[PDB]
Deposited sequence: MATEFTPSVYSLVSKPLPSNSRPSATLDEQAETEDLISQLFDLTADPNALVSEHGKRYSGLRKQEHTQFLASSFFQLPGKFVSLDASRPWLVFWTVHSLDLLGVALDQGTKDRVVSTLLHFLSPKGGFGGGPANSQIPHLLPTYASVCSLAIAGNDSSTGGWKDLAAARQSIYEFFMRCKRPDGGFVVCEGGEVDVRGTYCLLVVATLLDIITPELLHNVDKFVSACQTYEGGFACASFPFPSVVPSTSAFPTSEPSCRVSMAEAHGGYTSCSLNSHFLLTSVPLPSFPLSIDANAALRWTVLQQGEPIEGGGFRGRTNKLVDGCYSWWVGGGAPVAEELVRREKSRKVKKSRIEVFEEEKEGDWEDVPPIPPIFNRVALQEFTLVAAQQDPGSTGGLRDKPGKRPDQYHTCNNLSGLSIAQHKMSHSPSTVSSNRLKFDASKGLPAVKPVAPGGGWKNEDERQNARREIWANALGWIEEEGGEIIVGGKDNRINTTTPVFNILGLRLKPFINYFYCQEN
């Protein structure tokens, strides 16, 4: 299974050549190559049967990482104030990482998580980055709060899901207030417009059964025009008027915006609207994705854009986009009518050897050597490690079996659209939409026999879901709750 995934220790490590042409980019690249390759040199090869004497052991230090995250449930120092408007992200990074690490929270702590997040929910719709008496709603804390409630909540009267269900209409109204005619969304009142907002909104609308035609109009066109000549996606596209005469991408292809764009487009392909979603160039996106995996001298980690430095958080953003790009390529190959697509072994070696905090220290995972670990890089390194360990694919036979078991006579009350003609045409069409969206959201599987656990089975972490980035065992009962299934 590793025929086409060579270990970094089995390849010749050599620097990016200079062509006798020095520049600032090359100065930083060469310094980073030295840092990463030196740490690999001090570390025993994870793929060895007995670890080498005198060299660092690379096993995943799960208990150190658990202790690192534990501060979230007591208190954070004063320099966390820069994240005071991102507290739902601190929750999500903590509770999803603990899920991945296989560490259970007790019920009292889960209840505190739920209660804290419900104080961020405003009655007019959406979650803010902090208490609703202090912060206005924002698309990004809304995703982080919703996913955190999927991880820590439950269907009882104190489980928070009941409160989310009652908030569906107001959240929908917040989403429609954010919507622009060209298909973008502002992230908050007076806020910026980019594909992070589109991604967060589409995930939440998919999970809570609040997708309508008026919500989705032009959303596919905004995202598709974000694709650049390199094949990845930029943060946003600009609509030039005579709806717009054309749309132009506004910056370079980037791993974070490429993840958000691929995931958004993938969520839209489940929606049964005519000639929707406008297509993307899936082959170019897959090419851009694989080209961002670094060389052996940089440990096989991913960079976020061409000619910048590798960084462990792109294990999720770029690595976690690979199964989505792969599935879109497969669909187009099928429409016109087996080896892994990135180096799954090397990415794990980067995570174990370079992205872990040095042993006997704070714990946590980091951007790269020389950088302090933090909650965001801990979550994203582990989410990307999960994608590398478990071969994920979107299964048409699974989607088909999901369609066969869906019960369209069960569900929560339909949202009332903002504009009179903004809803589905009739119940047949709305129920067909609910079925397709639910059935495809539950279509990701881990392929039997595809597991690759570098360094031995004690390094195994749980399987995350592509697109949503929560465990399947969280996703299934959560989305089943809001669609009233099983």
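Colleague: Where are the holes in the model when you compare it to the deposited sequence?
Modeller: Since the structure holds only modelled residues, the stretches it omits are 1, 244 to 254, 350 to 370, 520.
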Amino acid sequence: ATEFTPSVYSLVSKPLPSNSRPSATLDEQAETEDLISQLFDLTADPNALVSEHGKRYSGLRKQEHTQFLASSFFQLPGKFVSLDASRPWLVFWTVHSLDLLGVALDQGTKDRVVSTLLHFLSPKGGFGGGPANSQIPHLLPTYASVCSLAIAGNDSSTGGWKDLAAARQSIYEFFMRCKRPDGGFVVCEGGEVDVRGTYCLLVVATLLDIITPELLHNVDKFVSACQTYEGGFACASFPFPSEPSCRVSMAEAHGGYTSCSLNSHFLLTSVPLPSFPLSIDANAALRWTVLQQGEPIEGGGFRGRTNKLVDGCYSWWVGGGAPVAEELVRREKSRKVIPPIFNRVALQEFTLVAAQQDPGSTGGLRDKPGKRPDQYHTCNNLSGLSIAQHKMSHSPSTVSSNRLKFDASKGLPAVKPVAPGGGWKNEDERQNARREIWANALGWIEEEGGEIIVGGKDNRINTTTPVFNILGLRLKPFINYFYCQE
From here on, numbers count along this sequence of modelled residues.
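Heads up, when I say rigid core I mean the largest set of C-alphas that superpose within 1.5 Å between the two forms.
Colleague: Using the rigid core for superposition, please say which stretch has the greater CA deviation in 7 other deposited structures of this protein, 53 to 61 or 66 to 74.
Modeller: If we average over structures and residues in 7 other deposited structures of this protein, the farther stretch is 66 to 74.
Colleague: Mind pulling up the entry and telling me whether 78 to 86 or 183 to 191 has the higher mean Cα temperature factor?
Modeller: The recorded data point to 78 to 86.
Colleague: In the PDB record, does 16 to 24 or 474 to 482 carry the higher mean Cα temperature factor?
Modeller: Comparing 16 to 24 with 474 to 482, the higher average CA B-factor belongs to 16 to 24.
Colleague: Highest Cα B-factor in the deposition, which of 66, 47, 459, 440?
Modeller: That would be 47.
Colleague: What's the residue among 141, 339, 239, 373 with the greatest CA temperature factor in the PDB record?
Modeller: Going by the entry's C-alpha B-factors, 339 comes out highest.
Colleague: Considering only modelled residues of the same chain, in which third does the CA B-factor of residue 463 rank: lowest, middle or highest?
Modeller: Middle third - that is where residue 463 ends up once the chain's C-alpha B-factors are sorted.
Colleague: Pull the Cα B-factor of residue 39 out of the PDB entry and bin it into the chain's lowest, middle or highest third.
Modeller: According to the entry, residue 39 has a C-alpha B-factor in the chain's highest third.
Colleague: What third of its chain, lowest, middle or highest, does the C-alpha temperature factor of residue 126 fall into?
Modeller: Answer is middle: the recorded C-alpha B-factor places it there.
Colleague: When the deposited Cα B-factors of this chain's modelled residues are ordered and cut into thirds, is residue 380 in the lowest, the middle or the highest one?
Modeller: Bottom third by C-alpha B-factor.
Colleague: Test of reading the entry: by CA B factor among the chain's modelled residues, which third contains residue 452?
Modeller: Within its chain, residue 452 is a middle-third residue by C-alpha B-factor, going by the deposited values.
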